[PDB]
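Taking it in order: structure first as structure tokens, then the write-up.
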Amino acid sequence: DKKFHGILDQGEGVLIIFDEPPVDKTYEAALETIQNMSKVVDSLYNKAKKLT
Amino acid sequence: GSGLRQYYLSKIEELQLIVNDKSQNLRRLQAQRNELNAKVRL
Amino acid sequence: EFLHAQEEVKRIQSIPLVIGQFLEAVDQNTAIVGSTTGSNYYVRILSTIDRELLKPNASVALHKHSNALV
Amino acid sequence: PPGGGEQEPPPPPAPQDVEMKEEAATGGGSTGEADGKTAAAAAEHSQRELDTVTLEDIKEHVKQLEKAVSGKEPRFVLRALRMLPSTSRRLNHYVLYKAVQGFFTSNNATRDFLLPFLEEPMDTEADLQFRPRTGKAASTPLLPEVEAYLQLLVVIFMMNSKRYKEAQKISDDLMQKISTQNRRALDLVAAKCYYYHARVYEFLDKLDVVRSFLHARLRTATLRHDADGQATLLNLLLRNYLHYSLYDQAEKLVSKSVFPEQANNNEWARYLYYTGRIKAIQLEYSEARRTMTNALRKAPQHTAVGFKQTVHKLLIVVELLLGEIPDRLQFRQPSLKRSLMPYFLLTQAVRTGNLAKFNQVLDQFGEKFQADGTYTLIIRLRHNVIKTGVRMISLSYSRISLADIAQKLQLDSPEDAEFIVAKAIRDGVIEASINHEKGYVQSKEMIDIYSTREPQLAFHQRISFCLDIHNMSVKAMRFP
Amino acid sequence: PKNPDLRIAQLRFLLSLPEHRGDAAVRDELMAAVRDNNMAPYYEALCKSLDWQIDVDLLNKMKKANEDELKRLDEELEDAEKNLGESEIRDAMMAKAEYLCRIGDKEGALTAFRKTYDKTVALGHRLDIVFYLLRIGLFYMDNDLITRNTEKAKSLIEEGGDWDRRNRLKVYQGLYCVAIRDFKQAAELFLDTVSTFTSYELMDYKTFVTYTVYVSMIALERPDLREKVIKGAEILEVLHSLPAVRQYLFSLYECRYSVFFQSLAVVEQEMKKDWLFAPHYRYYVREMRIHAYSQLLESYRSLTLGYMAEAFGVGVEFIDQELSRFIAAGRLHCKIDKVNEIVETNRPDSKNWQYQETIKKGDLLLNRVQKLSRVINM
Amino acid sequence: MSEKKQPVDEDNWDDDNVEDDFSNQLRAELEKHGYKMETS
Amino acid sequence: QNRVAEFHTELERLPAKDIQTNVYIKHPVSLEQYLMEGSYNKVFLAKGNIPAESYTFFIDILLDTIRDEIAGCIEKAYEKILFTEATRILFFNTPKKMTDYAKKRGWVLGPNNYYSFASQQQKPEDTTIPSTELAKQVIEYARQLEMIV
Amino acid sequence: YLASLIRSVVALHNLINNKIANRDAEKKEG
């Protein structure tokens, strides 16, 4: 339930605690611009197809 | 002809091709200068 | 030279400036403003002004004598 | 006769109008861009050259009796074209022979008379300099004849019309070769004939005369002119070295002519496919299947064109030679529904452990398999039957015993287990290592792809690719 | 009339395809065959269904007198043109085309509904007509032509919410919008449960909820699905009524992993005697096994399957061959172990996953601008 | 070469991890796609 | 002679000759169908089927080309084995085959084991050796991007 | 790598917008 940043081990009986990285933001916004650039080439693709 | 003309006639080919080539390259650079010169004058 | 040309236009402001408000635009680089002198004019605009700043009926500056968008 | 009589006047004038004018505009416009347009390396009639790929395959096949296309050829081959007064005579003849088609009868040249009609391009001060014009007018003897798919006794006159067109190579190479680059038009003409002269030499024996011709025709490339002429002949060179079943293929590898840098996204797409089958037969698979995948996605932009049927067939064959399991009909076609059905069963028995069922289907559907040209699967597919199983286990289990991987594979015993665990590492299947203290097969995980310089290796090509498009754009922009 | 006509096509959808299950099927097919003036679809079962009863003469007179009850007035109208209005009157085809769909077939429906289509240009007339094309689109289950007029009513007839054709925008999330594209059209479009009552044409509510709870737990694993299914109140009353819904919900959230095979089989036993009998778990069970596993393999990065022998179910060898199916074909991201008896999991990093994703989209757009570079410029 | 040397003694194209992932519930979600905006 | 590329380009020319008849080609391709999966010294269990004269000069090379990569694979991650695993499984209980492995290779049978030696490395890295040449790419990036193209 | 991927598409707009304006001003002049 994300109350806690941890992980457990059955073969060890051991609770392990790690921290949280705020890093994954540049790559997330990177690929969404590629989704927008997919459509503007499609908007140019029929533009050349409708007339050379 | 094959030994005394063909050395020149095959060689003037590529001398024609580059002059054929960069004339297209020149008039591209010609019109771009006329855009900025009409922009600065105005 | 074009960036030297943009800077040398900027003597036209010089702050004895009067204040109007933008009203409408006819075409490329020519518009209509409503002055705070009561009357209403048909003026010319500088090529320097970024065109994103227009139509809130924005407050604009005008020349005294020649009365252009500055 | 009352039913078929009134259906006669509408069929002539539709080829007599638009099939009349298209090459009349093309033969005028390319001529004005042969005389003018010194940089006619890429004419806009090169797209009309691409139109003539599509045009006469569907527009006209026969010379259209009731006098529609039968009068085009005596009109368009009667071209002397002396000067502006004696070309405007011929510019009137584009109009005057239209009354000869409509009001009068046309000149019926049933597959034979076009070869003596090639004297009107000699009669009364004709032009030899317009080797594009006469080169298209050397294609036009083929264009109703070959494209009607007769393949019947005019094959020899197909050949003799091409020998006149091979004599137009002679007129290119000997008669006033002054800087017109017409070979890059003639090579596509040398393609068009030698797609069917290829088929002609499939209706007859071998091509060692043309092999001596094609090597010499390839020889004049790379010195005189080099764009798409080297490329299209190289597929014509490769396809029957492949069609003949000799050694034939290391000659292709040492044929260091692979790189005319582009082929307008059509010839280069299948060029990867012809050499993809070549690299597949010498057991290299992962380098083969990545240019197999590259050839499928490069120019598929039609609907079941026929060799798209073949590259989609051969692609997961070699991927069933490594042992990853993609199967087939996720892009299915109406011309594929019949041609999937033996290939249907072929890939399911890879994942299952039944081989007599596989040997049933191979015995059942071997004639279709032998029709496809994939004889040599079974000498190397029984290989991958147990290789697909062992990779699936090694992908599943992180640390597997030898003593357990056997009995799951109905393999009876912990020796028959690592009778598959000593070449798979050598073939590049699994990273895993084996200790002779436990006999356990454990692999590790890759983490350093972002921790070490993997990404900026891959980026430097793609940075260099995107700047080339910006360079190709600006150099090809300001033609006004 | 046509609002209880939902039952007949559904029971006809039920009978013949289970060949062994046909005793109680024919015991109430006789209610659907000779009663309610049902005429067509069993005469086309003449070589499909059973031997027969004498259904010929008793009902061909009942189709005749009821056609003769209707066919005189519909084709003539001319009655109130005696006082010359528009030379017509509007009481004829808008009132009797509904019989031409209920008892008359789609052919008598298609020529009547388009005839009353151009008769009246109101959306409120185009309300009930298009909804009859869609109700008969389930009846004769010609499930491709009636995929069209939904979108043709989505385009022009749908202008908003604001209780309306929302009456049969209960023809826009359980007949046409989520069928076999179903991964997220159950997700995004099932957000509203906002009413309760069963009116005279709301014949299916309580068993309809059993759908939208069996498809509820599918959209989102734990970014607070638990409010809309457990903290929700209208869903709380029916699970207070139905224990098979309630225990199956409260097995999954409350993490009783052992009782899943009990709670799945009770759902499975409900899926033994259900009408849906042609293409089945295009989401469910061994995705619901991986839905059970994705939350179980989470929080444990070093797990042993000896703990799986009682926490989730029995068959140590059965779990082992089950995870071998799931890992090896691109699902359930972990790495199982042999004789150490470990279930070890591995995850992508916060950057290894995105570098794997940007290398996929970058190749697609590069291949795209390969092609458009050479379409133009020779 | 090297015997791997030892001492001891349908048509479901990843549409199978789609189809063997698919067998007991959704067939009245095949044109049960549209009835949901007057009550729910 | 490890010409498996030359093998599978040879079979292209004789489709039914190599399979349906011709035991002198059917046996080397049933050799190769053995040579796919796990049957390479099961090959030596099928040694005693020569249809022609002796064929000894190329099963001796086939003796050679198997037993040396056998020695190559035991230099690899197959770490160490006792003498009797080299006896029953390689083949041929003890002739001067023990002189074959002790002299062509090392693997001296000392006290009851064939002994492996060190086959590892150090793995050094600098990653600023590219810092001269990665700077060369970055200067090249702004080179072409600034030039009037 | 993002910034190049858009800059190439931006320069590709200027191709088609020039190639439409080139030949369509030509084909109406002739």
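In the structure tokens, chains take the letters A, B, ... in the order shown, each chain's residues start at 1, and ligands count up from 1 in the order shown.
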| said: What's around residue 12 of chain B at 12 Å? Count only C-alpha atoms, leave out sequence neighbours fewer than 6 positions away in its own chain, and write the answer as a ChimeraX atom specification. | reply: /B:5-6,18-20 /D:177-179,224
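When DSSP is run on the backbone, the residues of chain C that fall into alpha helix (DSSP H) are residues 2, 3, 4, 5, 6, 7, 8 and 9 of chain C.
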| said: Please list as an NGL selection string every residue within 12 Å of residue 92 of chain E, counting only C-alpha atoms and excluding residues in the same chain fewer than 6 positions away. | reply: :E and (70-80 or 98 or 112 or 115-116 or 119)
| Within 9 Å of chain B: residues of chain C, using only C-alpha atoms, as a PyMOL selection string | chain C and resi 1-2+5
| message | Set the distance at 12 Å and use only C-alpha atoms: which residues neighbour residue 201 of chain D once local chain neighbours fewer than 6 positions away are removed? I'd like the list as a PyMOL selection string. | response | chain D and resi 151+155-156+158-159+193-195+207-211+236+240+243
File of the preceding selection, N, CA, C and O atoms, as a compact mmCIF listing (two decimals), in the first residue's frame:
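For reference, out21.txt as written:
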# COMPACT_ATOMS: atom_id res chain seq x y z
N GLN D 151 4.46 -14.48 -74.30
CA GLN D 151 5.54 -15.46 -74.17
C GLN D 151 5.46 -16.57 -75.21
O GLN D 151 5.68 -17.75 -74.91
N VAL D 155 8.87 -13.88 -78.36
CA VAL D 155 10.02 -13.88 -77.46
C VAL D 155 11.32 -13.66 -78.23
O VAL D 155 12.21 -12.92 -77.78
N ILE D 156 11.44 -14.27 -79.40
CA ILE D 156 12.61 -14.02 -80.24
C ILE D 156 12.57 -12.59 -80.80
O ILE D 156 13.62 -11.99 -81.04
N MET D 158 10.83 -10.15 -79.04
CA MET D 158 11.23 -9.48 -77.81
C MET D 158 12.74 -9.32 -77.76
O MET D 158 13.25 -8.25 -77.42
N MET D 159 13.45 -10.39 -78.10
CA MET D 159 14.91 -10.40 -78.00
C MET D 159 15.53 -9.47 -79.03
O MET D 159 16.46 -8.72 -78.71
N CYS D 193 13.13 -4.36 -69.30
CA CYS D 193 13.28 -5.46 -70.24
C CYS D 193 13.85 -6.69 -69.55
O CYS D 193 13.33 -7.80 -69.72
N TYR D 194 14.86 -6.50 -68.72
CA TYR D 194 15.52 -7.62 -68.06
C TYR D 194 14.81 -8.05 -66.79
O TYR D 194 15.39 -8.80 -66.00
N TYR D 195 13.59 -7.56 -66.52
CA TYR D 195 12.69 -8.30 -65.65
C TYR D 195 11.99 -9.40 -66.44
O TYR D 195 11.73 -10.48 -65.91
N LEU D 207 22.18 -18.30 -68.85
CA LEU D 207 22.31 -16.91 -69.24
C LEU D 207 23.77 -16.47 -69.31
O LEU D 207 24.07 -15.28 -69.20
N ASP D 208 24.69 -17.42 -69.55
CA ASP D 208 26.12 -17.14 -69.58
C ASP D 208 26.53 -16.17 -70.68
O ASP D 208 27.58 -15.53 -70.57
N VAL D 209 25.73 -16.04 -71.74
CA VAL D 209 25.92 -14.94 -72.68
C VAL D 209 25.61 -13.61 -72.01
O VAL D 209 26.37 -12.65 -72.11
N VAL D 210 24.49 -13.55 -71.28
CA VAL D 210 24.10 -12.33 -70.58
C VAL D 210 24.99 -12.11 -69.36
O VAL D 210 25.26 -10.97 -69.00
N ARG D 211 25.52 -13.19 -68.77
CA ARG D 211 26.53 -13.04 -67.71
C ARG D 211 27.76 -12.30 -68.21
O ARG D 211 28.27 -11.40 -67.53
N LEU D 236 19.72 -8.30 -60.40
CA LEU D 236 19.62 -9.16 -61.57
C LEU D 236 20.82 -10.08 -61.68
O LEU D 236 20.71 -11.19 -62.23
N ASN D 240 19.86 -15.07 -60.04
CA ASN D 240 19.97 -16.31 -60.79
C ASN D 240 21.28 -17.02 -60.52
O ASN D 240 21.39 -18.22 -60.80
N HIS D 243 19.23 -18.60 -58.12
CA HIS D 243 18.28 -19.55 -58.70
C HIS D 243 18.99 -20.79 -59.21
O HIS D 243 18.39 -21.88 -59.23
| Given a cut-off of 12 Å, which residues of chain D touch chain H, counting only C-alpha atoms, written out as a ChimeraX atom specification? | /D:44,455-456,458-480
With C-alpha atoms retained, could you export that selection as a PDB file, in the first residue's frame?
ATOM      1  CA  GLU D  44      10.181  14.916 -62.560  1.00  0.00           C
ATOM      2  CA  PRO D 455      23.543   4.613 -24.512  1.00  0.00           C
ATOM      3  CA  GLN D 456      25.939   7.189 -25.934  1.00  0.00           C
ATOM      4  CA  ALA D 458      23.943   4.069 -29.776  1.00  0.00           C
ATOM      5  CA  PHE D 459      23.135   7.787 -29.768  1.00  0.00           C
ATOM      6  CA  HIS D 460      26.096   8.899 -31.894  1.00  0.00           C
ATOM      7  CA  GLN D 461      24.779   7.155 -34.994  1.00  0.00           C
ATOM      8  CA  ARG D 462      21.305   8.580 -34.450  1.00  0.00           C
ATOM      9  CA  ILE D 463      22.602  12.079 -33.796  1.00  0.00           C
ATOM     10  CA  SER D 464      24.517  11.729 -37.054  1.00  0.00           C
ATOM     11  CA  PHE D 465      21.399  10.425 -38.792  1.00  0.00           C
ATOM     12  CA  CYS D 466      19.133  13.301 -37.763  1.00  0.00           C
ATOM     13  CA  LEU D 467      21.593  15.975 -38.860  1.00  0.00           C
ATOM     14  CA  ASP D 468      21.798  14.342 -42.294  1.00  0.00           C
ATOM     15  CA  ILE D 469      18.056  14.838 -42.793  1.00  0.00           C
ATOM     16  CA  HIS D 470      18.533  18.509 -41.939  1.00  0.00           C
ATOM     17  CA  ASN D 471      21.375  18.564 -44.446  1.00  0.00           C
ATOM     18  CA  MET D 472      19.337  16.757 -47.112  1.00  0.00           C
ATOM     19  CA  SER D 473      16.495  19.209 -46.509  1.00  0.00           C
ATOM     20  CA  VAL D 474      18.331  22.513 -46.905  1.00  0.00           C
ATOM     21  CA  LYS D 475      20.340  21.368 -49.937  1.00  0.00           C
ATOM     22  CA  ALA D 476      17.116  20.311 -51.686  1.00  0.00           C
ATOM     23  CA  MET D 477      14.929  23.288 -50.788  1.00  0.00           C
ATOM     24  CA  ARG D 478      15.358  26.587 -52.616  1.00  0.00           C
ATOM     25  CA  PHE D 479      14.727  25.434 -56.212  1.00  0.00           C
ATOM     26  CA  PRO D 480      12.397  28.378 -56.588  1.00  0.00           C
TER      27      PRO D 480
END
| Skipping near chain neighbours, those fewer than 6 positions away, what residues fall within 12 Å of residue 61 of chain G using only C-alpha atoms, listed as a ChimeraX atom specification? | /F:1 /G:1-2,55,67-68
| message | Residues of chain B were defined as contacting chain G if any atom lay at most 12 Å from it, counting only C-alpha atoms; please report them as number ranges by chain. | response | B: 25, 28-29, 32-33
